[PDB]
Structure formats: C-alpha cells, structure tokens
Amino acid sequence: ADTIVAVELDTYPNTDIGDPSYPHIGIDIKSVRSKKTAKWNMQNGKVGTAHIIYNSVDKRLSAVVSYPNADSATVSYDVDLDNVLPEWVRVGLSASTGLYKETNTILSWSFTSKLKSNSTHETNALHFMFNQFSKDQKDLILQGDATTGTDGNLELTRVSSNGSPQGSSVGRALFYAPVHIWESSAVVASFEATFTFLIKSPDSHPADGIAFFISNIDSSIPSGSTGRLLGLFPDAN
C-alpha cells in the first residue's frame, strides 16, 4: 500500500472511526485516524485558506486553517518524517464526497521545499504556485474525478454542469515533479504548502473533506476510498 502523511480538513464527523464529534482539521500519519485534531468551524460556501509547515530542526508538522475575519484552527504534531516517508515523494491535494457531498474546489495551491547540504551548505529548492488551473495543466497529475479548467479552478471531486456537487466522488491532483522531502546528509530541511478552497454543500451536512498529502511517488487513489477515507487510505485502520 501507499505511504501517506496528510493534513485533513475533515468536514464530516465519522465518530465510528475515531473522528471527533465536529468538523475538524487533523494530522494523519499513515492512518485516517488522525494522531492529532483541532475543532474546525468550517463555513459552508466561504473561501478559506490552509497553511501547512514543517522543518527538520523542530520536526513538528503544523497546519493553520481559517476564513477571513474568523478565528483560525491550528493543529500540530511532533513527527520525524525521516522515519515515515521515503526520501523522494510527490505532494498533492485530495478530496472526496460520500453519502453526503460538497464541492471541493481549489482556487490556489503553492508549495516550497528546501534541503540544505551538510557537506557544502548549499541549497536545493522547489517552488510552485498555482493561482489558475487550465483545462490542460500538464504539470499536474489528476487522478479519479479531479478536473481543471472550469473558472480556472481545480475541482477535486465531481461537479455537474451547473456547479452542484455529486456524491461518492474522489479525486486528487499531484505535482508532476518528485520532491526530495528529506535527506540524512541535510543540515536543514523544510517545506510549506498553502491552498485556498471553497467547500459548499446543498445537503443537510457537507462531506467529506479535503487534504494536502505527501506520498510515495507512484501513489494512486485507493479503491473504495470515497467518503470518510478522503481518497488517501484503503481502510479506516
């Protein structure tokens, strides 16, 4: 199976599998059952922003999710990614809907990773910024129901011609180039990702969520990972 590290913006409380009884953000280390969560006052229909950071000095994965003029939600977890992920990975965004649904629209996505050599102290870096997603965005690997082009946005999950979200959908978008997330011979390493999203739902409750994730380069959507699995895991273990 794939190896996954992710920050989930979980819009639906699946308490049967460990979710807290409220929308929340969480840090997922090789399991959909978050190692740490924070309550999230998600706002149906408003554009929000997510900020994720990590560095090899503190080895603490943190995320901040908020909406303009509202109190933000923050979650942090100490984890040595060297012991979790392979040296080379791909980064991406994933989202899903299930019995309940929502739009999982990405309006922007940026990422920066840096690795400073212990032998020369010089740095290798990668940075990309997407403010517009075109119909044929070749530097992105779209999987499942993910599409680009409509209004210049990235729709991770299925949406009808009118804009209404569809249920039991799952989709992901990964940056084309592999990323060197960690290296034993690196004195200092870090990464940060930010994305703006618009989650809107006509249902009694929205579901299921969006996530920023890091995985083995050849990662693919696990069969059946719609709904509460967020297109990241094969099961809820």
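Don't overthink the numbering: it's just position in the shown sequence, from 1.
The PDB entry reports B-factors from which the mean C-alpha value can be compared for 61 to 69 and 182 to 190; the larger average falls on 182 to 190. Across the two stretches, 128 to 136 and 75 to 83, the PDB entry reports the greater mean Cα temperature factor for 128 to 136.
For the set 196, 37, 168, 43, the PDB entry assigns the largest Cα B-factor to 43. Across the residues 98, 92, 152, 144, the deposited record lists the maximum Cα B factor for 152. Residue 104: CA B factor in the lowest third of modelled residues in this chain (values from the PDB entry). Residue-level temperature factors show residue 9 in the lowest third of its chain, judged at the C-alpha atom. Ranked by C-alpha B-factor against the other modelled residues of its chain, residue 113 falls in the middle third. Ranked within its chain, residue 25 lands in the lowest third, by CA B factor from the PDB record. Sort the chain's modelled residues by C-alpha temperature factor and residue 206 lands in the middle third, per the entry.
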